[PDB]
Amino acid sequence: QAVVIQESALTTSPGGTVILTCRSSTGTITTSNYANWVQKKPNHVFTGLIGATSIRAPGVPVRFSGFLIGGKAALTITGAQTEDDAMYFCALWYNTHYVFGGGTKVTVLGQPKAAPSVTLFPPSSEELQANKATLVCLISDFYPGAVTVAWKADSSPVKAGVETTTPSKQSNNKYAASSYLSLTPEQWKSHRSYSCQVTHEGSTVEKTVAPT
Amino acid sequence: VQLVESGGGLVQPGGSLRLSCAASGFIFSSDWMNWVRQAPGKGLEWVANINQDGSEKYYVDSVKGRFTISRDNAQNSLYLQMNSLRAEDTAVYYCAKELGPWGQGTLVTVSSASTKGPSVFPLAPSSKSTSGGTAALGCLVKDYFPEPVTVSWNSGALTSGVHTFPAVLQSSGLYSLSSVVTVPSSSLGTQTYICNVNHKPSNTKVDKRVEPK
Ligand SMILES: [Cl-]
Ligand SMILES: [Cl-]
């Protein structure tokens with residue numbers, strides 16, 4: 001079965017010219033493959049930017065262009081804007097079906113580095129009555145979107161019962177994540193305190209909660 | 001232009017679901033329409049398409065004999081009848097045309113596990129645990145299946161400072177998320193904060209008032 005091959009990732013500056021390529025594993029691409037470029041942003045539905053190789057969708061900025069070159073389908077962005085930082089998927093029609101590529105992550109440089117803000121919540125009184133206890137560590141407003149989390153029972157590490165989310169992009173183009181530590185009610189009260197440490201770009205941010 | 005989808009839900013293996021895509025703001029009968037799905041962590045998979053009058057329909061081989069795409073130009077509606085559902089059919093399903101925005105997507109879960117309503121616990125703030133005069137309170141929506149869950153504050157009137165986090169997938173298969181709202185300390189004793197959790201798959205609507213410990 002034919003597969004659609006895209007670049008994994010590209011980086012540009014604001015005002016730069018990007019060219020994304022889309023090739024078939026079986027050979028040459030023509031207008032009979034009706035190449036479709038679909039843009040995906042976090043918290044925004046997919047939207048088709050280019051159809052039938054080169055037809056711009058209504059409202060799509062004219063800096064996006066699609067065409068064929070060297071037997072491959074291509075999408076350029078002439079004068080890229082920060083709002084173009086997104087995932088771009090290619091789809092090719094093979095006579096009887098569409099096949100989507102893996103998508104290209106386009107990064108527009110310029111976003112300044114931001115340290116993570118950490119908020120830690122102890123188990124509520126309601127949950128402790130249900131013989132449960134969970135620590136909620138909330139990490140927000142960090143860029144680039146990558147953090148590591150380590151928990152501490154008093155001053156010693158603890159790995160059992162830790163579940164952390166992948167980083168997700170916020171509306172302000174920064175990233176967020178959360179980490180949950182599950183504990184018995186007895187373990188929560190037998191220790192002096194628990195800590196959630198978030199490491200980002202060599203710096204670590206810490207938050208501490210204590211039984212009340 | 002808009003494409004609103006509906007019909008997704010939880011269904012046991014071998015069951016059936018019927019998706020619907022309501023089209024508006026454009027000449028629906030002029031365009032081919034597509035069904036596309038994406039499972040969490042996996043790539044986009046084209047499922048099926050249909051021509052203007054509905055005389056031509058194509059399907060991915062994984063789907064032939066089980067799904068049936070149809071359309072009603074008089075009602076501007078696109079349908080996807082899904083029979084003999086398999087665990088591999090679990091994905092977010094999108095209706096789309098060649099140009100313009102896709103639908104918001106509806107979630108289809110094919111699993112032998114039953115739906116479970118979440119537990120909601122308050123995340124009470126503390127005046128001694130602030131940061132520059134701002135407090136932080138929230139709600140913990142724990143142990144539900146499957147996605148999604150909606151959370152609002154004060155019945156939608158409170159939106160400034162609200163931050164709802166994407167859910168974590170626990171090893172048990174249940175989800176948990178938290179929603180947080182940051183507000184000044186002076187509003188701790190004058191304003192009322194209530195989170196509205198809704199888990200439609202289990203028909204569970206819980207309201208929790210959040211106040212300091
Ligand atoms: Cl980025
Ligand atoms: Cl409490």
# chains A, B, ... in the order shown; residues from 1 in each chain; ligands from 1

call {"tool": "residues_near_ligand", "arguments": {"ligand": "ligand 2", "cutoff": "7 Å", "atoms": "only C-alpha atoms and all ligand atoms", "output": "list in words"}}
result
residues 124, 125 and 126 of chain A; 122, 123, 124 and 213 of chain B

call {"tool": "select_by_dssp", "arguments": {"residues": "region 131-181 of chain A", "states": "strand (DSSP E)", "output": "PyMOL selection string"}}
result
chain A and resi 133-142+148-153+156-157+162-164+168-169+175-181

call {"tool": "residues_around", "arguments": {"residues": "residue 68 (chain A)", "least_positions_apart": "3", "cutoff": "9 Å", "atoms": "only C-alpha atoms", "output": "PyMOL selection string"}}
result
chain A and resi 29-31+53-54+71-75

call {"tool": "write_last_selection", "arguments": {"atoms": "C-alpha atoms", "output": "compact mmCIF listing (two decimals), in the first residue's frame"}}
result
# COMPACT_ATOMS: atom_id res chain seq x y z
CA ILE A 29 2.69 12.89 -8.06
CA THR A 30 0.44 14.58 -10.63
CA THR A 31 -2.71 16.67 -10.42
CA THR A 53 -3.01 20.67 -5.69
CA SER A 54 -3.26 24.47 -5.81
CA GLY A 71 7.13 14.98 -9.09
CA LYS A 72 6.17 16.08 -5.56
CA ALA A 73 3.37 18.22 -4.16
CA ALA A 74 4.58 21.37 -2.41
CA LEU A 75 3.26 24.07 -0.10

call {"tool": "interface_residues", "arguments": {"of": "chain A", "to": "chain B", "cutoff": "6 Å", "atoms": "only C-alpha atoms", "output": "ChimeraX atom specification"}}
result
/A:45-48,51,57,98,165

call {"tool": "write_last_selection", "arguments": {"atoms": "N, CA and C atoms", "output": "compact mmCIF listing (two decimals), in the first residue's frame"}}
result
# COMPACT_ATOMS: atom_id res chain seq x y z
N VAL A 45 -10.08 23.34 15.13
CA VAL A 45 -10.40 22.24 14.21
C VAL A 45 -9.42 22.24 13.04
N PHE A 46 -9.28 21.07 12.41
CA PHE A 46 -8.55 20.99 11.15
C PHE A 46 -9.21 21.90 10.12
N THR A 47 -8.40 22.49 9.25
CA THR A 47 -8.93 23.30 8.16
C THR A 47 -8.11 23.06 6.90
N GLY A 48 -8.81 22.82 5.79
CA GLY A 48 -8.13 22.65 4.52
C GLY A 48 -7.70 23.97 3.93
N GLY A 51 -6.57 22.81 -1.84
CA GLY A 51 -7.17 21.63 -2.40
C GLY A 51 -6.85 21.53 -3.88
N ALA A 57 -8.31 27.73 -0.29
CA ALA A 57 -9.65 27.82 0.29
C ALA A 57 -10.02 29.28 0.53
N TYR A 98 -8.18 8.36 -0.37
CA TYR A 98 -7.21 9.33 0.12
C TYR A 98 -6.28 8.67 1.13
N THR A 165 0.94 14.14 32.55
CA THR A 165 0.42 14.31 31.20
C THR A 165 1.52 14.78 30.24

call {"tool": "closest_residue", "arguments": {"among": "B:197, B:80, B:50, B:63", "to": "residue 5 (chain B)", "atoms": "only C-alpha atoms"}}
result
B:80

call {"tool": "residues_near_ligand", "arguments": {"ligand": "ligand 1", "cutoff": "10 Å", "atoms": "only C-alpha atoms and all ligand atoms", "output": "MDAnalysis selection string"}}
result
chainID A and resid 11 82 84:86 105:111 143:145 169 173:175

call {"tool": "select_by_dssp", "arguments": {"residues": "chain A", "states": "helix (DSSP H, G or I)", "output": "ChimeraX atom specification"}}
result
/A:31-33,82-84,125-129,185-190

call {"tool": "write_last_selection", "arguments": {"atoms": "N, CA, C and O atoms", "output": "PDB file, in the first residue's frame"}}
result
ATOM      1  N   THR A  31      -1.446  16.090 -10.836  1.00  0.00           N
ATOM      2  CA  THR A  31      -2.714  16.671 -10.417  1.00  0.00           C
ATOM      3  C   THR A  31      -3.814  15.629 -10.278  1.00  0.00           C
ATOM      4  O   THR A  31      -4.863  15.936  -9.703  1.00  0.00           O
ATOM      5  N   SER A  32      -3.606  14.409 -10.775  1.00  0.00           N
ATOM      6  CA  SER A  32      -4.583  13.351 -10.562  1.00  0.00           C
ATOM      7  C   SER A  32      -4.579  12.830  -9.131  1.00  0.00           C
ATOM      8  O   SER A  32      -5.477  12.064  -8.770  1.00  0.00           O
ATOM      9  N   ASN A  33      -3.607  13.231  -8.307  1.00  0.00           N
ATOM     10  CA  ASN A  33      -3.608  12.874  -6.896  1.00  0.00           C
ATOM     11  C   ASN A  33      -4.313  13.905  -6.026  1.00  0.00           C
ATOM     12  O   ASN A  33      -4.454  13.672  -4.819  1.00  0.00           O
ATOM     13  N   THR A  82       3.635  34.249  12.916  1.00  0.00           N
ATOM     14  CA  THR A  82       3.607  33.404  14.110  1.00  0.00           C
ATOM     15  C   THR A  82       2.382  32.502  14.125  1.00  0.00           C
ATOM     16  O   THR A  82       2.453  31.353  14.578  1.00  0.00           O
ATOM     17  N   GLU A  83       1.252  33.004  13.622  1.00  0.00           N
ATOM     18  CA  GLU A  83       0.025  32.226  13.567  1.00  0.00           C
ATOM     19  C   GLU A  83       0.138  31.020  12.644  1.00  0.00           C
ATOM     20  O   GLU A  83      -0.734  30.148  12.693  1.00  0.00           O
ATOM     21  N   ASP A  84       1.179  30.950  11.812  1.00  0.00           N
ATOM     22  CA  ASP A  84       1.410  29.798  10.950  1.00  0.00           C
ATOM     23  C   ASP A  84       2.118  28.654  11.668  1.00  0.00           C
ATOM     24  O   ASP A  84       2.312  27.590  11.064  1.00  0.00           O
ATOM     25  N   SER A 125     -10.659  17.450  51.895  1.00  0.00           N
ATOM     26  CA  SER A 125     -11.314  16.748  52.991  1.00  0.00           C
ATOM     27  C   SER A 125     -12.321  15.725  52.483  1.00  0.00           C
ATOM     28  O   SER A 125     -12.489  14.665  53.096  1.00  0.00           O
ATOM     29  N   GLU A 126     -12.994  16.022  51.370  1.00  0.00           N
ATOM     30  CA  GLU A 126     -13.960  15.085  50.805  1.00  0.00           C
ATOM     31  C   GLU A 126     -13.283  13.790  50.374  1.00  0.00           C
ATOM     32  O   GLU A 126     -13.778  12.693  50.657  1.00  0.00           O
ATOM     33  N   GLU A 127     -12.139  13.901  49.695  1.00  0.00           N
ATOM     34  CA  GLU A 127     -11.469  12.716  49.169  1.00  0.00           C
ATOM     35  C   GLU A 127     -10.901  11.853  50.287  1.00  0.00           C
ATOM     36  O   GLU A 127     -10.921  10.619  50.195  1.00  0.00           O
ATOM     37  N   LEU A 128     -10.386  12.480  51.348  1.00  0.00           N
ATOM     38  CA  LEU A 128      -9.836  11.713  52.461  1.00  0.00           C
ATOM     39  C   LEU A 128     -10.911  10.893  53.163  1.00  0.00           C
ATOM     40  O   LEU A 128     -10.614   9.830  53.720  1.00  0.00           O
ATOM     41  N   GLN A 129     -12.161  11.361  53.144  1.00  0.00           N
ATOM     42  CA  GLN A 129     -13.249  10.575  53.714  1.00  0.00           C
ATOM     43  C   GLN A 129     -13.531   9.326  52.885  1.00  0.00           C
ATOM     44  O   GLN A 129     -13.960   8.303  53.432  1.00  0.00           O
ATOM     45  N   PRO A 185      -4.453   7.370  52.334  1.00  0.00           N
ATOM     46  CA  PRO A 185      -4.622   8.379  53.392  1.00  0.00           C
ATOM     47  C   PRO A 185      -3.560   8.285  54.477  1.00  0.00           C
ATOM     48  O   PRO A 185      -3.115   9.319  54.992  1.00  0.00           O
ATOM     49  N   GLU A 186      -3.123   7.069  54.820  1.00  0.00           N
ATOM     50  CA  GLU A 186      -2.135   6.901  55.883  1.00  0.00           C
ATOM     51  C   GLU A 186      -0.777   7.464  55.483  1.00  0.00           C
ATOM     52  O   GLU A 186      -0.105   8.110  56.296  1.00  0.00           O
ATOM     53  N   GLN A 187      -0.349   7.217  54.242  1.00  0.00           N
ATOM     54  CA  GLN A 187       0.934   7.744  53.790  1.00  0.00           C
ATOM     55  C   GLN A 187       0.935   9.266  53.755  1.00  0.00           C
ATOM     56  O   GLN A 187       1.976   9.892  53.984  1.00  0.00           O
ATOM     57  N   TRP A 188      -0.219   9.876  53.474  1.00  0.00           N
ATOM     58  CA  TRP A 188      -0.293  11.331  53.404  1.00  0.00           C
ATOM     59  C   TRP A 188      -0.119  11.976  54.772  1.00  0.00           C
ATOM     60  O   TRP A 188       0.446  13.072  54.869  1.00  0.00           O
ATOM     61  N   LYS A 189      -0.587  11.320  55.835  1.00  0.00           N
ATOM     62  CA  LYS A 189      -0.490  11.873  57.179  1.00  0.00           C
ATOM     63  C   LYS A 189       0.739  11.402  57.941  1.00  0.00           C
ATOM     64  O   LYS A 189       1.114  12.041  58.931  1.00  0.00           O
ATOM     65  N   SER A 190       1.378  10.315  57.505  1.00  0.00           N
ATOM     66  CA  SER A 190       2.572   9.814  58.174  1.00  0.00           C
ATOM     67  C   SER A 190       3.832  10.579  57.796  1.00  0.00           C
ATOM     68  O   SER A 190       4.863  10.400  58.451  1.00  0.00           O
TER      69      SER A 190
END

call {"tool": "atom_distance", "arguments": {"atom1": "CA of residue 7 (chain B)", "atom2": "CA of residue 50 (chain A)"}}
result
28.7 Å

call {"tool": "closest_residue", "arguments": {"among": "A:49, A:2, A:147, A:55", "to": "residue 89 (chain A)", "atoms": "only C-alpha atoms"}}
result
A:49

call {"tool": "atom_distance", "arguments": {"atom1": "CA of residue 117 (chain A)", "atom2": "CA of residue 198 (chain A)"}}
result
9.1 Å

call {"tool": "residues_around", "arguments": {"residues": "residue 193 (chain B)", "least_positions_apart": "2", "cutoff": "12 Å", "atoms": "only C-alpha atoms", "output": "short mmCIF file (atom, residue, chain, number, x, y, z; two decimals) with N, CA, C and O atoms, in the first residue's frame"}}
result
data_model
loop_
_atom_site.label_atom_id
_atom_site.label_comp_id
_atom_site.auth_asym_id
_atom_site.auth_seq_id
_atom_site.Cartn_x
_atom_site.Cartn_y
_atom_site.Cartn_z
N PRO B 122 -13.26 19.40 45.57
CA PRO B 122 -12.80 20.79 45.51
C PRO B 122 -11.32 20.91 45.83
O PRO B 122 -10.77 20.15 46.64
N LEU B 123 -10.67 21.87 45.18
CA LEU B 123 -9.25 22.17 45.39
C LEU B 123 -9.18 23.54 46.08
O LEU B 123 -8.92 24.56 45.45
N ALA B 124 -9.40 23.53 47.39
CA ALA B 124 -9.58 24.77 48.13
C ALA B 124 -8.28 25.57 48.18
O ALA B 124 -7.20 24.99 48.33
N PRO B 125 -8.35 26.89 48.07
CA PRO B 125 -7.13 27.71 48.14
C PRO B 125 -6.67 27.96 49.56
O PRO B 125 -7.20 27.37 50.51
N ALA B 136 -5.47 30.67 44.13
CA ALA B 136 -5.68 29.63 43.14
C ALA B 136 -6.58 28.56 43.74
O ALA B 136 -6.21 27.92 44.72
N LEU B 137 -7.77 28.39 43.16
CA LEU B 137 -8.72 27.37 43.57
C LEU B 137 -9.17 26.59 42.34
O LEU B 137 -9.01 27.05 41.20
N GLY B 138 -9.73 25.41 42.56
CA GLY B 138 -10.14 24.61 41.43
C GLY B 138 -10.94 23.39 41.84
O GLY B 138 -11.36 23.25 42.99
N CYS B 139 -11.14 22.51 40.87
CA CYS B 139 -11.90 21.27 41.04
C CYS B 139 -11.11 20.11 40.44
O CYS B 139 -10.45 20.26 39.41
N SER B 152 -17.17 24.25 33.68
CA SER B 152 -17.34 25.70 33.68
C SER B 152 -17.30 26.21 35.11
O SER B 152 -17.23 25.43 36.07
N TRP B 153 -17.35 27.53 35.26
CA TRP B 153 -17.27 28.18 36.56
C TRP B 153 -18.39 29.20 36.69
O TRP B 153 -18.54 30.07 35.83
N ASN B 154 -19.15 29.10 37.78
CA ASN B 154 -20.29 29.98 38.04
C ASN B 154 -21.25 29.99 36.85
O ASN B 154 -21.74 31.04 36.42
N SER B 155 -21.50 28.80 36.30
CA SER B 155 -22.44 28.60 35.20
C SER B 155 -22.04 29.42 33.97
O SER B 155 -22.89 30.02 33.30
N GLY B 156 -20.74 29.44 33.67
CA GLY B 156 -20.23 30.10 32.49
C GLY B 156 -19.97 31.58 32.62
O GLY B 156 -19.37 32.17 31.71
N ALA B 157 -20.39 32.22 33.72
CA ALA B 157 -20.18 33.65 33.86
C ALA B 157 -18.73 34.00 34.21
O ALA B 157 -18.26 35.09 33.88
N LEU B 158 -18.02 33.09 34.88
CA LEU B 158 -16.63 33.30 35.25
C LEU B 158 -15.73 32.62 34.22
O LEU B 158 -15.74 31.39 34.09
N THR B 159 -14.98 33.43 33.48
CA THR B 159 -14.02 32.92 32.50
C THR B 159 -12.62 33.51 32.66
O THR B 159 -11.66 32.87 32.22
N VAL B 162 -9.55 31.33 34.33
CA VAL B 162 -9.90 29.91 34.35
C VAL B 162 -8.93 29.15 33.46
O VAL B 162 -8.62 29.58 32.34
N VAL B 180 -8.63 25.00 37.06
CA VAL B 180 -8.12 25.95 38.05
C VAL B 180 -8.49 27.36 37.63
O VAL B 180 -8.47 27.69 36.43
N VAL B 181 -8.83 28.20 38.61
CA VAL B 181 -9.10 29.62 38.38
C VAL B 181 -8.29 30.44 39.37
O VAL B 181 -8.36 30.20 40.58
N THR B 182 -7.52 31.39 38.86
CA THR B 182 -6.70 32.27 39.68
C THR B 182 -7.43 33.59 39.90
O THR B 182 -7.86 34.23 38.94
N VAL B 183 -7.55 33.99 41.16
CA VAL B 183 -8.29 35.21 41.52
C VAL B 183 -7.60 35.88 42.69
O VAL B 183 -6.93 35.24 43.51
N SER B 187 -11.08 38.81 46.80
CA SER B 187 -12.32 38.18 46.38
C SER B 187 -12.55 36.83 47.05
O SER B 187 -13.50 36.13 46.70
N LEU B 188 -11.69 36.45 48.00
CA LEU B 188 -11.83 35.15 48.66
C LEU B 188 -13.03 35.12 49.59
O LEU B 188 -13.65 34.06 49.76
N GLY B 189 -13.39 36.26 50.18
CA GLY B 189 -14.49 36.29 51.13
C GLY B 189 -15.71 37.03 50.63
O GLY B 189 -16.71 37.15 51.35
N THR B 190 -15.66 37.54 49.39
CA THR B 190 -16.76 38.29 48.82
C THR B 190 -17.42 37.62 47.62
O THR B 190 -18.62 37.80 47.42
N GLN B 191 -16.67 36.85 46.84
CA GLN B 191 -17.21 36.18 45.66
C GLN B 191 -17.41 34.69 45.94
O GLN B 191 -16.73 34.10 46.78
N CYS B 195 -17.78 25.26 40.43
CA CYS B 195 -17.42 24.61 39.17
C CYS B 195 -18.54 23.68 38.74
O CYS B 195 -19.13 22.97 39.56
N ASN B 196 -18.84 23.70 37.44
CA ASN B 196 -19.91 22.89 36.88
C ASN B 196 -19.27 21.81 36.01
O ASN B 196 -18.76 22.09 34.93
N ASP B 207 -22.27 19.77 40.60
CA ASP B 207 -21.81 21.12 40.96
C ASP B 207 -21.07 21.08 42.30
O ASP B 207 -21.54 20.48 43.26
N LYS B 208 -19.91 21.74 42.35
CA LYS B 208 -19.14 21.81 43.58
C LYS B 208 -18.74 23.24 43.91
O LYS B 208 -18.09 23.91 43.11
N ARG B 209 -19.13 23.70 45.10
CA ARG B 209 -18.71 25.00 45.57
C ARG B 209 -17.31 24.89 46.17
O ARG B 209 -17.03 23.96 46.92
N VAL B 210 -16.44 25.83 45.82
CA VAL B 210 -15.06 25.83 46.28
C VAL B 210 -14.87 27.03 47.20
O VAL B 210 -15.12 28.18 46.80
N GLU B 211 -14.45 26.77 48.43
CA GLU B 211 -14.20 27.80 49.43
C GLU B 211 -12.95 27.42 50.20
O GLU B 211 -12.59 26.24 50.26
N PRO B 212 -12.26 28.40 50.80
CA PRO B 212 -10.99 28.10 51.47
C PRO B 212 -11.17 27.16 52.65
O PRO B 212 -12.24 27.05 53.25
#
